[PDB]
Structures are given as C-alpha cells and as structure tokens.
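Engineer: need coordinates for the following:
(chains A, B, C, D, E, F, G, H, I, J and K)
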Amino acid sequence: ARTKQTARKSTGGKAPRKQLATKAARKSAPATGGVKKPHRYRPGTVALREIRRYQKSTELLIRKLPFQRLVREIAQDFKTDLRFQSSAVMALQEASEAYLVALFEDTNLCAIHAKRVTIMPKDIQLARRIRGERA
Amino acid sequence: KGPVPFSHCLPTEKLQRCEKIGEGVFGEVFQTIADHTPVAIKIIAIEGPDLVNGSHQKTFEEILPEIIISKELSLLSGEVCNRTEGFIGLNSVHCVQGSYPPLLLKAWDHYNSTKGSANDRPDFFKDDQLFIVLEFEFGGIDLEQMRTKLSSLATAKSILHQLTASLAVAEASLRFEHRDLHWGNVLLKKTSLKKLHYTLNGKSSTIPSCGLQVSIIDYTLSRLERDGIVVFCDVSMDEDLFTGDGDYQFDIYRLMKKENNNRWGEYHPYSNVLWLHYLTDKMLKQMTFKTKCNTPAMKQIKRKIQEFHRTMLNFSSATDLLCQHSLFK
Amino acid sequence: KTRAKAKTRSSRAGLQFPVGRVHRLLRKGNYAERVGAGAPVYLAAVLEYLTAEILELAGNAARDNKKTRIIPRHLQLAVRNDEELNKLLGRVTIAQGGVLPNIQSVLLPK
Amino acid sequence: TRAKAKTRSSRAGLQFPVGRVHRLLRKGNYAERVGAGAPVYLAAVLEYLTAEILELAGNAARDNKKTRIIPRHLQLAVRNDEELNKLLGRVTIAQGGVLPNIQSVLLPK
Amino acid sequence: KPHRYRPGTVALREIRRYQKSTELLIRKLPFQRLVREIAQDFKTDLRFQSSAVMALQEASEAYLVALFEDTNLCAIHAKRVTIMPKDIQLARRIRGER
Amino acid sequence: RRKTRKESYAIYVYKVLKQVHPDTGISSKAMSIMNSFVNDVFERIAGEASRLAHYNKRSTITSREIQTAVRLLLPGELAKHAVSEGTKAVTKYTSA
Amino acid sequence: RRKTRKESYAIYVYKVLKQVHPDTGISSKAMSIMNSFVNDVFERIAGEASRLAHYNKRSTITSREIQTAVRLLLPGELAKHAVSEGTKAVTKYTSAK
Amino acid sequence: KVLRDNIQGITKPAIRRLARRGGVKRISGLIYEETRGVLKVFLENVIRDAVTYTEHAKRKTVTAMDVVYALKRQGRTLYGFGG
Amino acid sequence: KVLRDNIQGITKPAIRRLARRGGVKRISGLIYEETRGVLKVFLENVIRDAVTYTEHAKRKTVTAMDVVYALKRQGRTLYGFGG
DNA sequence: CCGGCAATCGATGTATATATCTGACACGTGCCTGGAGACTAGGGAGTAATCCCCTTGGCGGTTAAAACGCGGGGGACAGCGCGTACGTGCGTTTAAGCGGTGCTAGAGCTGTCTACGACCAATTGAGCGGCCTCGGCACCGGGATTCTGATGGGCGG
DNA sequence: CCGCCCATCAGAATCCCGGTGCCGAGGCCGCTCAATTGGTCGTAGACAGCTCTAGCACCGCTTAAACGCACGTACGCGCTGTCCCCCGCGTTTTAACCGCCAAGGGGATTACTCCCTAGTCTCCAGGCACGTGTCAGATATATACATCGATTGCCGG
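Structural biologist: Numbering: from 1, shown residues only, chains lettered A, B, ... in the order given. Take a look:
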C-alpha cells in the first residue's frame, strides 16, 4: 500500500527462502504401475487394514440426513406434527451406533465358536436370544 | 543554520538507535528514541539533479504545502471548537547537507535482508546533496500488518467510528480532503483510556475505545482551504495513477476523477466517503478475527455493518454520515 | 454486635467440593424426613475422591498421546483399561468414545 | 349428629382399600402432597391385574382336576401368556418348576 | 439274555420326569454346611434362620437350571449333542456376567 | 405384653377370587406370592410417578402421573384395559 | 442476567484437576461428561441410603447410612479408600467445629 | 407430506463400516436385512417412550432430555448430552 | 469347629438331575468342576451382601429379609419368602 | 438267496381305579386402633399477555461417496473312516433323614430422659450472567523417510 | 523330483515443519439470594431391664441314595473333494454437505386470583388374633396299557 502497484520487488522471495525454496518437488515412491502384472492384494488383507483403521477413530459412520428422515418417519406413527431439536437426533444416532457395534461383537464371537470365519443371520439370532432381547 | 550537518540533528546516540521502518518514493522512514520518547524520522533527498527510484528529485516550493498542512493538522488538536487526536504531532522539521552515514546504510541492508525493498541503495549521494528531515510521534503498527491480530467485529466498529469522527471534524473545521486512506496508511496504538472525546462546532461527544487508538499519516496528495486560500498539488497530467488494476482501490481514483470531472481544485467531500467504502470493503474481506460470531449480539452488529456498507453511498459528506446513519446512533 | 466473620463448612472439613449445596440437595430430594449434620461431609468427600481418581487416569492417557487437553476418547481409554472403574460403569455409554483396539487371534494371517 | 360413615371403596365401587393406599402414598416419601384422585386410580389398576392373574391360574387348576390353587398353577398361568411373561421377566416363583419343552433334534429317529 | 435299553432312552425318560415335578434336587445338609463355610470368612460366630437357607437354595437352583438351558442351546448351535465347558464359558461371556 | 399386628392383602385377594371363580380355594404359599406381587407392582408405579412429578418441578401427585406411569410401565396390551378401569373408577367416585 | 441461572460442578472439577495435574486442560464435552458422572453417582448413593433407612424404621439419614451404602455399591479396593477418606473428613470437621 | 420407505437409506457400506469397527472379517449376503430389522425395532421402542414423556408435559417439541430419560428407563444410560 | 472341603458335597448325580431338568441329553466329564466353581462365585456374592445388611441392622442372626433384599438388589427378585 | 419291511411277542415302566386317614383350610367371636365426618387457613397451580430464539424451508455449487460389473481364490459343506469316552446295569457301602431330649443366646418389647435437628431473624459474600480480550493448541498441506506384502530365483536327500 | 527359503520391488503408513483459524482461560461489573451466625424448643432415639422363642448340640435306627467296576457302541474329530460366492479394483451416476437467508411458531417469564390439600378433634366400625371341625388331598394297593427291543417270515433283484 505505497499509493501504487508494482511487481514483487518489495519481497525477495521471503516465503520460499524461509520454507520450500526448492523442496517443493516429489515425495514417496515416484514409479507406479507400468507392469503387465495386475498388482493385487490377496483377499483378507484390506479387510484387516480397515479393521485397524476404524477401531482407532471416533466419528459417526452413518450419513446424517437419511437417519434423520428415518427418525421422523418412525415418529409420525405415534403423533402428528412433531418437532425435534438437533441434539435429540444426535443422541439417538449415538445410542444406535453403540448398540449395533456391541451386537456385532457378540455375533462375531458366536460365529467363531462354530469353527467359521463368516457371520450368518443365525449367529445374530442366537446372540439376541441368549442376551434376553428375543424370547 | 539552513542545511546543517546531519550530526547536529542526529547525535551519535540517535544515529546508532535508528531502526528502518519504511521506504517510499519520498525517501526513508526510521525509528529511534529521543527525549525519552519513541520518534519517527522521515528523510527525503531534495533539490538534486540526479534521478533516484525511478523519479527525479523534488524541490522545496512544492514540499512547502506538505509541511503547511502537516502543521495545520497537528495544531488542530489544540483548538476548542473542533478537537481530535487522530493525526500526528509535529516535533521538528529541518534541512540537512551531507551524505548518508553508514549506520543507516547497514540498517537499510538489514531491512532488505529481512523484508526487502522497492528502491535503490542510498549510497550515491555526496556532501553537496540536500535533504529534509521530519520528526513525528510514534503511531504504532499499520493495519496491513495487523490483519490477523484484530479481536472481533467490535474493534472493527470502533475503528470505523473513530475514522469517521476524525474526518468529520477535519471537514467541519478546515474543509479537508486527504484522499489516500489506503489500509497501509492508518496506525494502531495500544491505549488504556476507556473512552475518546471529540468536539464538533462546540458540541462534545464520547466514543468507546475498546483498547485501541487510530491515526492517519502520509498527506502528500491532500487538499485544504484556509481564509479563502487553497493548498493542494495538481496531479492532472500524470495518468499512471489512474492506470491501476487488480484492486478496487485502483478504481477509486478513477471514480473520484469521474465525480470531479478531472478538476482537482474543487472541494468535493464525497470523495472521502468512498474511501471509507474501500476500508469497509477490506474490513469485510481481508481480515481474520480471533473470535467467531456465535454471540447473537455480535450477529446483530455484523448485520448492522453490512447494511451500513451497502447503503452508505447515498450520503453527502462525512458529517452527514456521522450524524444521520443508524450505525453510530 | 460482631458475629465473628464467616467460614464455609468445606474449609473446616478441608474439602474442595461444596458442603452446603449437598445438604440443600439432600433436603429437597425427598429421601427422608430428617437429615443429619455429618452426611453431607461424608458424601462430598466420597465424590471428590472418585473425581480425582478418574481425572488422574485420564490425564495420564492424554499425556501419552502428546496432547495437553483431555477429550472424551481419553476418558473412555482410562475407564475401559481399569478393572474396577470398568465394573462400576458397566452399563454406561460415553459419547464420542470409540472402542478398545482388539482383534481375535484366529483372524490373523498365518 | 354425624352421618353414618360410608367407606371410600364403596363410593368408588371397588374391592381394594382406598384409605390404606392413601396412607401408604403419604407416608412413603414420594412427594410433598398427594391429590384426592390418585388412590382410586391405583386401587383400580391393582385390582384389575390381580383379577387377570387369578382367572388364568384358576383355569389352569381346573385343567388338573383340583380345587385349590398352588404355586405350580401360578407358574403355568404366568409363563403361558405373553404379556404377563414380559412383565414378570426377572422374577422367580418358589416351587414353580419349568414348562415342559424338549429340542427337536434330540428326539429319536 | 438280560434286557438292556439303548443309549438315550433312559435319558429322555428322566428329562420328561424331572420337568414335571417341583422339588429340590440337592440334599439339604451338605448345602447348609457349604453355606456356613462360605459365610465364615465375612464374620465369625453367625447364626441363620431356616428360611434363609431355604431361600438361598431356591435361588441357586433356579440360576443353575437357566444356565444349563443356555448351555444346551450353545452346544446344539455347533452341530453337537454333548455339552462341553466351552459352551458354559460362551454363555456366561455373552450373558454379561464375568 | 401384646403381639404386634401385621397387615396384608389376603382379605381383598380372597374377595376378588370368590368374585371371579366362585368355587375355588387357595393355599398359604400362593397367598404369600400374591401379596409379594401386589407390593412389587405398587412400588414400581409409585416410584415412576414420583420421578415424573419431580422432572416437571411440581410438588403434588395427581391422577395424570398415575396414568402416564401405567402407560410407561405396562406392555402393549394390559395398558388400555388398566387405563379404562382407572378412568371409570375416578368418574364414578367423583360423581357420587 | 435475563435468563434464569443454572448450576453445575464445573468449578470444583477444575480445582481438582489443577491440583492433580498442574499443567493440563480440558474441553467442554469432557466437562459435560464429568458433570453427568457426578450427578449419577450422587443419585445412586442417596437412593441406596434412603432405602436402608426405610428398612430399619428410622426417619433420619446419618453417616452410618452413607457408609453402608458406599460399602454396598462400590467394588472392592474402591470401597476401602472411600471409607477412609470419608472418615477422615468427618473427624476433621467434628474436631474443629 | 408423508415419508415412505426411508429404511433403504441405511446403505450397505455403512453396515460394513459398523461391522469393521466391531472386528468382523467376512460378512455373508443376508446380513443387511437383519440389521435393518433390528435397528427398526430399537428405534421404535426408544421413540415411543420419548414421545410419551414429551406429551405428558403438554409440549409440542421433542428435546434431548426426553431421549436421555427414555434411554435411562430402558437401562442404557448416556453421558454427555445435558445429562 | 472350622469347616473345610464342603464343595464336594454337590455330588455328580445332583448335577445330572439339574441338567436333566434343564433339558440336556449327553454330558461331558469335565462339566462338574465348572458347575462347582460358578455355584461358589454366585453364593459368595449373595452371602456377602446379606451379611452386610445384617451387620448394619446390629444383629447376630441372618434372617430371610436380608436374603430377599440382597437378591432384589442384584436384580433377581424372589417371591414367596415374605417381603 | 440274500439285505429288507412288516408283523408279531415279551418285558418294563407309567397311568388309572377304589378305600382309609389326616392336618391344613374355611368360618365364628371379641376387641381396639385406624379411618371417616366437620371445619379453617393459606399457598400451589391455572390463566392471560408478551418477547424473542430456534426450527423449518429454499437455492446453488462441488465433489465425495454410493452403485455397478467382472475375474478368481479361498472357504463352506458333504461324505467317510476310526477310536475311545460315555451310557446302562449290578453288588456293596455310607450318610441323609426322622424322632426325641435338653440348654441358653439373643430377638423383641417397654419405660426414661437427654441431646441433636427443625425453625426464625439479620447479615453478607459466593457464584452466575453479560461483554470483552488474546496466547497458544489443533489442525492441515506437502515432502521425505520408513515398513510391510507379494513376488520370482535358487541347493537339496 | 518334489520343493521350501531369500533378495527385490512397490505401495501404504508415519514423521517433520510452516502456516491458519479459533477455543478456552481470564478481566471487569452487578446483582441475587442462598449460606452462615446466634437463639429457642419439642421429640427421636440411645440406653437399661426383662421375658421367652427358636437356634444349636447330641443320640439311635432305617432305608434309600451314592459309589465302584464291567462292557459295548454311538458319537466326536480329522481328512479329502467340489463348487459357489464374496473380495478387490476400475468406471460412471447420484445426492449429501456447506454456506447464506427470511418467516413465524412455540417455549419461557411475569402478574394475579382462588380453590384444593394439610392439619385438628371426636367417635365407632372394619380388620386382626385365636379357637374348632370337617373334608380335599395324601397314602396304599391292585390293574391295565403304551412302548421299546428282538425274532420270524416271506420277498424281488
């Protein structure tokens, strides 16, 4: 703001000399693909990577708008022309997520007990029956 | 007297304590401590045959109006009909003969090393070169460097109110047009006073301070009138000023020229109004604030500033805007 | 005359939690017709002890992660890794807590 | 000349005591005050539930060629009805037994 | 040739027989001795009423019968007809109790 | 020296039983069971009503609290019939 | 000051935290969680004590009821420390009254 | 304005993510419908209790406090939402 | 009069009878030790709570009301023995 | 000319019919304590008016996630064979159960009387609600480093 | 002649810095009202004494259940083969998310009645403890009757 605009003589590339003078190039592996072989991880590896990834974070795993629409649709059965605060829907979502995660843990234990690796509906049924939720 | 040596005006104690603060077409700006007070020194090379920094040297009979308006705006802080401390006071202005001492040369070298400069090295001047030195109070840091340092919108409102009050007082008292309020030209200083007092035509009022005090500088292209005589510089022949682009500030000169039909000698206070516009534009676009706008009261005042920005173009002068617009009521 | 200044009951008991407020809450909660003069002190001491225990464990967990503020993840980690506190809050859900990293041995690659 | 007293159960047309329930509500540390219509409601609800259970148990007892109800019949009545079984889901009845039930795979071929 | 039943007949007869009566299946004196020995650790020189021991026995037997039903369900889930300790452990783990 | 009297619900349970099945008796253990049942249900409903009253910053227990607690505690059916019985009893009482 | 005032346990929790870990902070969500925890435990202990007093045909709540409720509610190795702390506090209060 | 068929908005990848957080490696092809059904049952119970609480207070808006009270009544306490 | 080695009084036929009422057809040989352990743990918990109630009441005899209160506290309400 | 399917034939355990004998259940009586009638004082709850915050609904841009198709590797599931652990039954040993006899520790009740908790009036300082600043924490981007999985090339009894 | 090991290669995962954007501590005022201080006063419970119920200990005799051993077969477990069906990866299509903006519905606060509940005194009827018979259920004996396991007896490829 000297009353006129010029080029960039005011600053002698201060930001570059302070940082990224020439370091702004390439990083990590530079060569990728370029092979006839179709690079592929064997089945079961990315599954374990996802297991390790999602057991470390804390954020919600369901899109908010579909859940809110479902909640309103369910609630309209008991009374018409209802209203909600935001924190009410947030609390409902948190409780639902926690319940489902615990149920899946129990289901996995039941599946392993039968000498398998895949979970089937019968495992969910047995878990809910023993838990006392279903008679 | 006259072109006294630099040593008389700059003792070795002040010479060693000079810190480079700025550069420009006019010259150089340093900071030192004198009389147990931080003071700024502006140094300009005058009455020379050489060309420096892309322009020829400036004479004395055109720099006289600059010092005249500077002393007028400094002394208006003592008048009883209209009082305001929005300007900088005059300490001393004097003439020097000699060359540039190496201390300020190495200070300039350090300034280039840290920040960089847009001019040349001032080491070509001999003994016979003539210089002018102006002494001013310390004002603080420019708004440009304080962009990520403002607190919230309340500080913004206080700054705008102070600027408007100062400009209104100037117009009402001395019919002033300064016409170069770019955001690198206002200064912010920390203060402890809770309120600021201003007098216009005998009526006094107070403004919240919010922990800051604003000031204006660099009156090199200003216009004023006194007792039927006008002081200004005619700049109607250099169009490079109006060739700018890349910012609406570059367009404000063209818009003002359109408003006044390329006649600089006329008094049109409305020009200053659009200058506020540009600052307000900056205050809404190029600032980062520490505090979010979660408070409803701050939402209300933000809406107030938005409406002020979108509707203040319809007012006549600074006084009308101050005494009519709902923002300050 | 002079009533000899004042002194909160927390100061005489050496606690940090309020004693008067606990008394007022016990009186207005419909627990019994009359309330003794020593019950609020006991209750305040117990609550302060439990708070200090949980906070210390959470702070250790937060420091381990190289952060200087406690967030709900650290509270969940502190609670679930201590047997006694885990048994105390056995039917409680903490928002934004997550789970404990744990994978069965059968599912691991050979 | 006080009029001859008329108990509150008679006015409500019930079989359960209303004054006793009022006293129990008052001297129980539930609230500061107790309204005049609460005991009637509570007594009616309790009588209804008792009548339901008793009728089912008496049917079960008659099915066994008896004329007196014992805990076995109460268990048979409670465990064979969905709503009562849901209500008393965490309750043990002494000397009740269990319901006859064998998994189908265990049966001989 | 002496008469002999095939393995499984008498088991089904006993299943039908014990699901129709409503008695206690544990002898009383050993249970009383066990209760006193267990309580010996918390306080010395205690006395019990008769109804206290009776209530304890009733609750214990109800608990054991329910646990055995859950164990049978778990064992059948894995294509077996014999119950093994792993079934008890899985049932207790899922039910919530340690 | 006197033996303190103890109160129970046997009289009313016997009255209701003679009302429903007019030719059926009962034993002592069954009477104890029904006594415990009535006590348990009373405690559940009263506690829920008290909590409901405290939630809204009110100082009295009315029939609205009892009705809401009944609707909250009882399963799907057994909740309409109980509500109808209570409303009928209250209206009959207040009419007389 | 227009809104009616609301009370919480934030100040005392912050004092305890700054006493245990002198150079650590806390966020608002953690503050809410701590507040809920304190209220829940208070409610549990008070309800147990009231039931104990009612069982014994008393009409007053004393420190014996609180002590027995603490023994009944908390698991082992947590009951003992809480009992010790409460006894110390009561003795100090009584002596200096 | 009547909503219809919104349970289909609980996608398949979302169920997969929940299972992954649970620690599951292989998922069959008939699990998604079961998950949708059990979620519907859970939500029905909780929302019915919350709406009862809201109605009693002669109010027309469901707040977080009703949800917290209903969850506590079912036996699943929740910390952190105005508890 | 110290008592020792009484868990062996829960004989094998008694466990067989309980299993038969449970609906079990075939049994292993290692089940009895597990059953004895779980029974011991259950009894320990209940008796500890009952004795705490008795000690608060300032008595030396354990009554049926203490057992009933302990069972109700643990969430296993029992009907029939008073209360 | 057998491997089968049905039809007997014997033996064992459970359900059913009739006669005697008891103790637990169904009433009758007397008494006293807890509920009903009658009346007053005051404060909690209902109703109207008003303010303003938060919930619903709309529009446009972008882009991250959901939907779809296909090849193929690894797991679910059936069939088979073998060995031993568990069920059924008999002869012998042990301790539970029942019926009395005797002792006293401790639960349960009553009467006296003091000390601790409720209630009130005057005084005052803790704690919460508005407005405001600001130092550093968390976050992102890039670049480098590491670590791990999937591969071919080999010596050998 | 079946291999079972090692050295390379590429792709995620994790570290190091530099710049940005906001949050969580605090500072002030201003009240509001709830906690502290100093009294009086009525009753809950601590304490001491007494009565008598029921819990504990021991002994003798019967009979049913627990225990040990022999024998055989059906169930559990390991191994092989086959085929379907989920996983990993690239391409195309849908709608969630972000930012901003009006409109007004319903929750929250203030003031004013006024009817409903607690509290007190008097009186008598409902409900509890105690004592007697008689009859529903328990016990004993005999008698079918349904079902399990082995043997006979022909029978079509």
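
Engineer: how close does the residue nearest the centre of chain H get to chain A?
Structural biologist: By Cα atoms, centre = their mean, chain H has its centre lying nearest to residue H:43, at 3.9 Å. The gap separating residue H:43 from chain A is 5 Å, by Cβ to the nearest Cβ, to the nearest Å. C-beta: built from backbone N, CA, C; applies to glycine.

Engineer: for the chain, what's the longest helix?
Structural biologist: Picked chain A for this. The residue-count maximum for a helix in chain A (DSSP state H) belongs to helix A:86-113.

Engineer: sorry, should have said chain C
Structural biologist: Under DSSP H, chain C gives helix C:39-64 as its longest helix.

Engineer: what's the following helix or strand past that one in contact with?
Structural biologist: Using DSSP states H and E, the helix or strand that follows helix C:39-64 in sequence is strand C:69-70. Where contact means Cβ atoms under 8 Å, 6 or more residues apart in numbering or on different chains, the residues beyond strand C:69-70 that reach it are C:55, C:58, C:59, C:62, G:24, G:25, G:26, G:27, G:30.

Engineer: so what's the closest residue to chain B within chain A closest to, chain neighbours aside?
Structural biologist: Closest approach between chain A and chain B, counting by Cβ to the nearest Cβ: residue A:1, at 2.5 Å. Nearest residue to residue A:1, sequence neighbours excluded (Cβ to Cβ, 6 or more residues apart in numbering or on different chains): residue B:184, at 2.5 Å.

Engineer: so the one you found, which state does it fall into?
Structural biologist: coil (DSSP: H, G, I helix; E, B strand; the rest coil).

Engineer: identify the residues contacting it.
Structural biologist: Here residue B:184 is in contact with A:1, A:2, B:142, B:143, B:144 (Cβ under 8 Å, 6+ apart).

Engineer: only whichever of these are buried, select them in ChimeraX.
Structural biologist: Typed into ChimeraX, the line below selects the buried ones among those, using 16 or more other Cβ atoms under 10 Å in any protein chain shown:
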select /A:1,2 /B:142,143
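
Engineer: quick one on the thing from earlier: mind putting the contacts of strand C:69-70 into TSV with distance to chain E and neighbour count?
Structural biologist: TSV is the format used below for the contacts of strand C:69-70 (distance: Cβ to the nearest Cβ, whole Å; neighbours: other Cβ atoms under 10 Å in any protein chain shown):
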residue	distance to chain E	neighbour count
C:55	27	25
C:58	25	28
C:59	29	22
C:62	29	24
G:24	33	18
G:25	36	15
G:26	32	24
G:27	32	12
G:30	28	25
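
Engineer: okay, and the beta partners of residue B:29?
Structural biologist: residue B:22, residue B:42 (DSSP bridges).

Engineer: and it, how far is that from residue G:85?
Structural biologist: 68 Å (Cβ to Cβ, to the nearest Å).

Engineer: returning to that earlier point: so what's the residue nearest to the centre of chain H closest to, chain neighbours aside?
Structural biologist: Residue H:43's closest residue in space is residue A:74 (Cβ to Cβ, 6+ apart), at 5.5 Å.

Engineer: which residues sit against the helix or strand harbouring the one you found?
Structural biologist: Using DSSP H and E, residue A:74 maps to helix A:64-75. Outside of helix A:64-75, the residues within contact range by Cβ under 8 Å, 6+ apart are A:82, A:84, A:89, A:92-93, A:96, H:3-4, H:6-7, H:9-11, H:40, H:43-44, H:47, H:51, H:62.

Engineer: which among those residues end up buried?
Structural biologist: A:82, A:84, A:89, A:92-93, A:96, H:6-7, H:9-10, H:43, H:47, H:51, H:62.

Engineer: picking that back up, continuing past the longest helix of chain A, what's the next helix or strand?
Structural biologist: strand A:118-119.

Engineer: what are the pairing partners of that next one, and which direction each?
Structural biologist: Applying DSSP bridges, one finds strand A:118-119 paired with strand H:26-27 (parallel).

Engineer: return the distance of the partner strand from the chain's centre.
Structural biologist: The chain centre lies 23 Å from the centre of strand H:26-27; the measure is Cα atoms, centre = their mean, to the nearest Å.

Engineer: following element in sequence after it, please.
Structural biologist: helix H:31-56.
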